[PDB]
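Heads up, the chain below is alone and in the form solved without the named molecule; it's given as structure tokens.
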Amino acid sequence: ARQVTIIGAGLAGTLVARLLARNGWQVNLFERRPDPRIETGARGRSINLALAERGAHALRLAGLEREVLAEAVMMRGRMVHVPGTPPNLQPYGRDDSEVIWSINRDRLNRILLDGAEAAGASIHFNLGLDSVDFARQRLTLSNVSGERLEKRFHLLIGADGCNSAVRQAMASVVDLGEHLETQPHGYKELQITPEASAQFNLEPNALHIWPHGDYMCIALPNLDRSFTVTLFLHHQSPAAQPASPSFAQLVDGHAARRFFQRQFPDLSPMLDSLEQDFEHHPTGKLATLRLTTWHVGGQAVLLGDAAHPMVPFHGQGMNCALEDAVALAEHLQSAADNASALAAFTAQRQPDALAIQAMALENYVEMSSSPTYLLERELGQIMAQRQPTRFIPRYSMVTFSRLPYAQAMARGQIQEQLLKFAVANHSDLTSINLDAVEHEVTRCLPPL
């Protein structure tokens, strides 16, 4: 039986642990945190993620989709909130088969842990990887107190997140060609209780957006009708705009309240614990990190956030990590040896990770910033109706299909260009020749 050591019992790590263990690999999974399935008296908080077709299909292959969806809230569309006008629902797809799912991250992680164990993987909690000795094939782990434990390894999988200790250890034996692109927005999580969301008629089956240009709020629903609100706002005000809003300007919860009352007036009354949430929840950091190399021979490989940290504006990080887990398990199971498997996995996934990193950055402007956008979406829906095998909106290709991200981006660019060309030199949708637009669709978009 082939052996594997996995670092990080997160989303990618647990899924790959289940896929390999059920194929008869001897799997040992090391996690820095305590086991979340061990109930304590700690007062934790609900953070949700949007599960889309790539993540759902990965869970489906693993036999866990039904269990995960049983506690997921359907999000049919984008509910855009602008003060003065009623909230506008922009459906994501053609029917209720084309939806995204709001899932509690802790619940998903617990289902995945149970799944990896049921398949035969051994999970070891309260052990954080500190260092790897590649030449001696040993690694060093420790608990929070720094008590060390050394282990031998044969194959090392770094599924240890955006601040990966496996990636740090690899970067010492090989130049990973790491390129970091910091993102100016920080993020803060705030809560809407079930009573408040019901009082203010906040739609549970939608992903909510309060656009505001350089900053915005989003809200994802929970099963109990509470919502997690995420504020995206610059850490610091730029030199050109010193008066522009930023986290640096919000000294306390009371300052955050004044900011919401002024900039998000329809949202502030729903946030009862705004002051406390603001002061007690830390401001998170965002970034895009691109690596030239994801593996060291046949000894170690990275996947998920460990391999490709991305900005969260497409809700695709977990979806991409679960898709990586499937690809990695497939390559490892069927290759001639581990070195061939790692080289083939990296060659396959690197162009796709780059495409989703680029599309995630582009989706920020789409969410936070229009009459022309709605006219291009209008013409795009007509083109999707006339040619459903050639014209598939980029959001639908990313979210509802398993088309490689790089192909979704490439086809998306052709579509963006033709929509922009047709909506140019025309005031209304009635002056645009639809048959002419349909002709460049047939000329430049091959069918799928």
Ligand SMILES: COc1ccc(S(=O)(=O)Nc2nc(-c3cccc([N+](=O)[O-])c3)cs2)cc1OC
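Numbering starts at 1 and follows the sequence shown.
Form deposited with the named molecule bound: not shown, discussed below.
90 is the sole member of 226, 249, 90, 205 with a non-hydrogen atom within 4.5 Å of the named molecule in the entry with it bound. With the named molecule omitted here, the record of contacts in the entry with it bound names 372 to 380 of 237 to 245, 332 to 340, 145 to 153, 372 to 380, defined by a heavy atom within 4.5 Å.
Using a 4.5 angstroms limit between non-hydrogen atoms, residue 275 is distant from the named molecule in the entry with it bound. Mapping the unseen interface onto this chain, residue 62 falls outside it, with no heavy atom inside 4.5 Å of the named molecule in the entry with it bound.
A residue is said to contact a partner when one of its heavy atoms sits within 4.5 Å of a partner heavy atom; residue 257 fails this definition for the named molecule in the entry with it bound, lying far away. Interface membership of residue 404, defined by any non-hydrogen atom within 4.5 Å of the named molecule in the entry with it bound, is ruled out. Proximity to the named molecule in the entry with it bound holds for all of 391, 394 and 419, with the criterion being a heavy atom within 4.5 Å.
Contacts to the named molecule in the entry with it bound (heavy atom within 4.5 Å) from stretch 64 to 81: 78 only.
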